[PDB]
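Line by line, the protein sequences give chains A, B, C, D and E. As numbered in PDB author numbering, the first sequence has no gaps in its residue numbers, which increase by one up to the final residue, 155. As numbered in PDB author numbering, the second sequence has no gaps in its residue numbers, which increase by one up to the final residue, 293. As numbered in PDB author numbering, the third sequence has no gaps in its residue numbers, which increase by one up to the final residue, 390. As numbered in PDB author numbering, the fourth sequence has no gaps in its residue numbers, which increase by one up to the final residue, 1219. As numbered in PDB author numbering, the fifth sequence has no gaps in its residue numbers, which increase by one up to the final residue, 442.
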Amino acid sequence: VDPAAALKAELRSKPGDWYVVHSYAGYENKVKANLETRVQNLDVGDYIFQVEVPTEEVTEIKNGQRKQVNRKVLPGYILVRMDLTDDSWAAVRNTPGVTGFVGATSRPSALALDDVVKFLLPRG
Amino acid sequence: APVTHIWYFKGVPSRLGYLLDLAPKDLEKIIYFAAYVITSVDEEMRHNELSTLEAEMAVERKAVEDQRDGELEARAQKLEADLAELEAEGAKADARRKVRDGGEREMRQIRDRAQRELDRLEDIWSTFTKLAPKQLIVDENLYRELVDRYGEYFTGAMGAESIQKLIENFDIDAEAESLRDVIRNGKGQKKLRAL
Amino acid sequence: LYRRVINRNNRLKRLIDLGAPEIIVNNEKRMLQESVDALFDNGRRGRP
Amino acid sequence: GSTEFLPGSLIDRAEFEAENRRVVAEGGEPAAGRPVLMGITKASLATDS
Amino acid sequence: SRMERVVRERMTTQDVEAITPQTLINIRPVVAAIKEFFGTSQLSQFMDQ
RNA sequence: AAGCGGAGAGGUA
DNA sequence: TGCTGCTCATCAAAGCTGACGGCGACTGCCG
DNA sequence: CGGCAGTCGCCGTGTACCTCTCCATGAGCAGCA
């Protein structure tokens, strides 16, 4: 059984759609923690379900020595599984660090399941 | 990725607009990734494919009517369920007759999606029969429908990579001769704009 | 103004060598285009 | 006409007469021109350098 | 007013029962504003002597 | 044998 | 476990408001 | 279809010289004591 297929199925079970958010470099972890805190405080958990930042352990070379340093897959981009509601939009947008929702034209678009899968398997 | 020189795009007049004959607003939309633009469409393959495509669309609409009739009969049974005690029992007539307006909404419900699909297919076919170079297609959904159903027979993109193709596929001689013809025998704002 | 261009270009190349989805890559290309337009003539459109 | 000039423009009268005198040979179709009065800010930016 | 946004956005990120006034007050914007006004301004001028 | 660019304010003919 | 030296990043935006004449694209707008 | 008048944006607005001041920060992440 292919692990990617199982992950795709378990994500298809999860409700909502995945969306991408642009942020500043060096802010991903703090943005994630603040997002979780603001979600739990505002009781908006009925809209925001998951917040994740894909990261890979890359062999950084310090003076010839290979050490696994965690580097973000998408610099300044985070992924959230949610439903597009006005309250959720405002809550996620007004969080410190969020600049905007990347999407075609003006209305933000939803990622395909394969694209989300390709950025979640353990590879680092 | 190719980019564009600011001097020849944000100028008064926009000297890149005069070359491709496009309004500066359209260039503003295309260049900064806010609208799609088709660059070329081969007309012969479109020409000798009309019958097959329209027949397939007719089959798709028959597929819609297939669900339509069953939905109609199911709605009829659902309304009969409420009608079972409407004018023969002691239930208050207020709700038992406002469920008739609810059933009006119900009968409109199936025809809603029916007309939605009818309009979808009609507009898709009309747009595929009206396509011409340098036409802006916002609201991706339309573009996805076009690139899935009629995936071939045309090419379109977004950004400076498409402006490059538009500039490449430009015939100076034909446009110059046409403009000289217009300024020769013409009258109105057309002559001024061509000059 | 050179530094921002040569940083955004490198970020776009790195993001385009990972097989990233279309939306992110075209957003990056738009940002690069804005950076170059600000290099050649600053403030001609938008905010300086 | 057959003078390869663009109507609605401004050209120096010396070149105008030279072009007309050249075109009235090996054929003929003189161009039609009228005098114009220009400011000192438009004539300064319409030089040949 | 610039410190107010910081103090208002700092209280929705930490845990209650540990918040103290000595923890939500950041002095730096105020001293920055004072130092930017008294020096490098258009109305605090070098004296004539 | 080794540097000297921006912004603001006041004055002189 | 807490002061303090070393490092790095351009997407920011709530504030701003006392110029005035010439010239052309143009754009919604009316008939 | 056919014009059309108000609007919005960009261009320009004297010469030479003297004196004084100031020029990014906030968070993060090691490196100790």
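Quick reminder that beta carbons are idealized off the backbone N, C-alpha and C, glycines included.
Query	Result
Closer than 9 Å to chain B by CB, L374 (chain C)	yes
Stretch-stretch touch, CB-based, cutoff 8 Å, three pairs: the region 89–99 of chain A with the region 112–122 of chain A	no
C-alpha gap between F131 (chain B) and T136 (chain A), whole angstroms	7 Å
Buried or exposed (CB count within 10 angstroms, at least 16 for buried), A133 (chain B)	buried
The region 169–181 of chain B in contact with the region 147–161 of chain B per 3-pair CB rule at 8 Å	no
Collapsed DSSP secondary structure at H103 (chain B) in the structure displayed	coil
Status (buried if at least 16 other CB within 10 Å, exposed otherwise) for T126 (chain A)	buried
Beta-carbon neighbours of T405 (chain E), restricted to chain A and to distances below 8 Å	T68, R69 and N72
Runs of beta strand (DSSP E) wholly within the region 211–285 of chain B (minimum 3 residues, chain order)	253–255
Integer-rounded CB distance, given that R112 (chain A) should sit under 8 Å from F80 (chain A)	5 Å
Alpha-carbon spacing of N352 (chain C) relative to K63 (chain A), whole angstroms	26 Å
9 Å Cβ cutoff met for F252 (chain B) and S138 (chain B)	yes
Coarse secondary structure for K1212 (chain D), derived from DSSP in three states	coil
Sub-9 Å separation of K232 (chain B) and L114 (chain B) beta-carbons	no
DSSP bridge partner residues for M373 (chain C) (one or two, in chain order)	DSSP output for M373 (chain C) lists no bridge partner at all.
Neighbour flag for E397 (chain E) against chain A, beta carbons, 9 Å	no
9 Å Cβ cutoff, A135 (chain A) in contact with chain B	yes
Any C-beta of chain A under 9 Å from that of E402 (chain E)	yes
Start-end ranges of the alpha helix (DSSP H) lying completely within the region 101–181 of chain B, minimum 4 residues	115–118, 122–129, 141–145 and 148–181
Rounded distance between the beta-carbons of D74 (chain A) and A141 (chain A), thought under 8 Å	That belief does not hold up - the Cβ atoms of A141 (chain A) and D74 (chain A) are roughly 25 Å apart, past 8 Å.
Rounded straight-line distance, which links the Cα of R206 (chain B) to that of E171 (chain B)	13 Å
Contacts that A132 (chain B) makes with chain A (C-beta to C-beta distance below 7 Å)	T136
Under 7 Å from the C-beta of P363 (chain C): neighbouring residues of chain A	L142 and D146
Nearest residue (CA-CA) to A212 (chain B), options B:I261, B:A161, B:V245 and B:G249	B:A161
Cβ distance (whole Å) where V89 (chain A) is taken to contact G134 (chain A) below 8 Å	Contact flag wrong, Cβ pair sits at about 29 Å.
Range of the contiguous alpha helix (DSSP H) that encloses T130 (chain A)	Unbroken run through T130 (chain A): none, as it is neither H nor E.
Among C:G385, C:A380 and C:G388, nearest to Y344 (chain C) - alpha-carbon criterion	C:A380
The region 208–226 of chain B touching the region 243–251 of chain B, judged by at least three CB pairs closer than 8 Å	yes
Coil, strand or helix - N419 (chain E) by DSSP	coil
Start-to-end residues for the alpha helix (DSSP H) that takes in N72 (chain A)	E59 to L73
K288 (chain B) (DSSP reduced to helix, strand or coil)	helix
Neighbourhood of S437 (chain E) by C-beta distance below 8 Å, restricted to the same chain and skipping five residues each side	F430 and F431
One or two residues paired with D48 (chain A) in a DSSP bridge	A:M113
Closest residue to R1183 (chain D) among D:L1207, D:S1219, D:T1211 and D:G1171 (Cα-Cα distance)	D:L1207
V378 (chain C) in three-state terms, based on DSSP	helix
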